[PDB]
Each structure stands twice: as C-alpha cells, then as structure tokens.
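# Structure at a glance
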Amino acid sequence: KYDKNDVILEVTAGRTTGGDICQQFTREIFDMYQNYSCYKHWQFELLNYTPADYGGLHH
RNA sequence: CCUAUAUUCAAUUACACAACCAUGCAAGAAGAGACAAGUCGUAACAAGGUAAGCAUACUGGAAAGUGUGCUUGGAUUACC
Ligand SMILES: [K+]
Ligand SMILES: [K+]
Ligand SMILES: [Mg+2]
Ligand SMILES: [Mg+2]
Ligand SMILES: [Mg+2]
Ligand SMILES: [Mg+2]
Ligand SMILES: [Mg+2]
Ligand SMILES: [Mg+2]
Ligand SMILES: [Mg+2]
Ligand SMILES: [Mg+2]
Ligand SMILES: [Mg+2]
Ligand SMILES: [Mg+2]
Ligand SMILES: [Mg+2]
C-alpha cells in the first residue's frame, strides 16, 4: 500500500547527552539523505531548517 | 378444703427509624516527585560582579525586585 505518496522526513536532536555531540551528528545524517535522494533521482523539498548555536541542527 | 389439690395472666405505650461514618466510583481542579541535556533568562557560591539572609508588605514571564527593623551563617587586609 501507499508507495505513491509524498513522504515528509523529520530529523531532531536527541536528548541523552550534553554538548553538541548529538546536535552536530544530526547535520551529518540529514545531508546523507539529501545526497541519497539525488542518487535515487528523487525530489528534495526543504520545509523547515533550524540551525543550532554550536554549528548543528536542532530540528 | 373426711387423705389432698385445681386454675389464670399480656405485651403495649410516647417518639425516633440514614442523620451519620466507612469503603468503592466520578464530571473535574490543584500540588509533589522523576529522568533529560529542549525553549527563555542568570537568581546563588569569589565584595557572583546590586554582601547574603529572616519576619512582613507590595510588585513581575520566571528566577526574583524593592521598603521597614533585625542577624553575620560577609569584608573593611588591623603602629591605616
Ligand atoms: K542579590
Ligand atoms: K557573600
Ligand atoms: Mg547542561
Ligand atoms: Mg565588587
Ligand atoms: Mg549572579
Ligand atoms: Mg548585574
Ligand atoms: Mg547578588
Ligand atoms: Mg539585600
Ligand atoms: Mg522576605
Ligand atoms: Mg520595583
Ligand atoms: Mg531588603
Ligand atoms: Mg525605585
Ligand atoms: Mg587580616
């Protein structure tokens, strides 16, 4: 079923450790899927992008 | 009633009678604790950058802010 509906991918910053170790890691995997979409010839549409203070992605 | 002995007895009345408390459930309200790292600010510990704090009053998103009196669980480094 489905497989022909646009899918929204949401990434956040896990709350398990202090610092930016989790926030910085969020940026890397977010760009992983963005480059992956080009490999699969998909279409990427940015909806929300909130950078963190210490060079990261809050959500 | 010349030895002797037989028989009966009841429940009513005036008024109170779920107030009351226990247990269980509930439309819903409020508090406390928890890890965790999110948003907002930096109150406290150094004269914490306005010395802190108690009683009480008033005020503000939030720590708290300010007045009056009191405490040193602050200092004035000591022929200055
Ligand atoms: K103060
Ligand atoms: K002090
Ligand atoms: Mg922290
Ligand atoms: Mg000073
Ligand atoms: Mg301070
Ligand atoms: Mg200040
Ligand atoms: Mg102060
Ligand atoms: Mg004071
Ligand atoms: Mg007071
Ligand atoms: Mg004032
Ligand atoms: Mg005062
Ligand atoms: Mg004034
Ligand atoms: Mg001395």
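Within each chain the first residue of the written sequence is number 1 and the count goes on from 1 in that order, possibly differing from the entry; residues lacking coordinates are omitted. Throughout, the order in which chains and ligands are written sets their labels, letters from A for the former and numbers from 1 for the latter. Only a portion of a larger assembly is displayed here, and every value given applies to that displayed portion alone. For the side-chain quantities, the full set of heavy atoms in the structure was used; hydrogens and water were omitted.

## Observations regarding the side chain of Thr26
Inspection of the secondary structure assignment puts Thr26 in helix α1 (residues 21–39). Judged by relative accessible area, which is 6%, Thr26 ranks as buried. The helix count covers DSSP runs of H or I at least four residues long, the strand count covers runs of E at least two residues long, and both are numbered beginning at the N terminus. Accessibility here uses a 1.4 Å probe with only protein chains present; expressed as a share of the type maximum, an area under 20% marks a residue as buried, one over 50% as exposed, and anything in between as partly exposed.

## Considerations on the protein's contact with RNA strand B
Taken together, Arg15, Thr16, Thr17, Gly18 and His58 are the residues near RNA strand B. In RNA strand B, the atoms that sit within 4 Å of the protein are 35% sugar and phosphate, with bases accounting for the remainder. Two N or O atoms count as a polar contact when they lie within 3.5 Å, although within protein this holds only if one can serve as hydrogen donor and the other as acceptor, and sequence-adjacent residues are included solely when both atoms are side-chain atoms. Between a sugar or linking oxygen of RNA strand B and a side-chain N or O atom of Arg15, the distance comes to 2.9 Å. Between RNA strand B and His58, the relevant distance is 3.0 Å, taken from a sugar or linking oxygen to a side-chain nitrogen or oxygen of the residue. Each residue belonging to the surface near RNA strand B can be placed in one class, and the counts come to no nonpolar, four polar and one charged. Neighbouring residues are identified by heavy atoms, a residue being near a molecule or strand if any of them is within 4 Å of it. Residue polarity follows a fixed list, in which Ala, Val, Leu, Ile, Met, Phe, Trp, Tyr, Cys and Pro are nonpolar, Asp, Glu, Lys and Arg are charged, and the others, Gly among them, are polar.

## So, unusual backbone geometry
Positive phi values are uncommon outside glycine, yet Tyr2 reaches one of about 60°. Using a relative accessible area of 61% as the deciding quantity, one classes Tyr2 as exposed. Positive phi outside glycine occurs at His41, with the angle close to 55°. When you line up the elements, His41 lands in the segment after α1.

Note that all results are geometric; they support no functional claim without further evidence.
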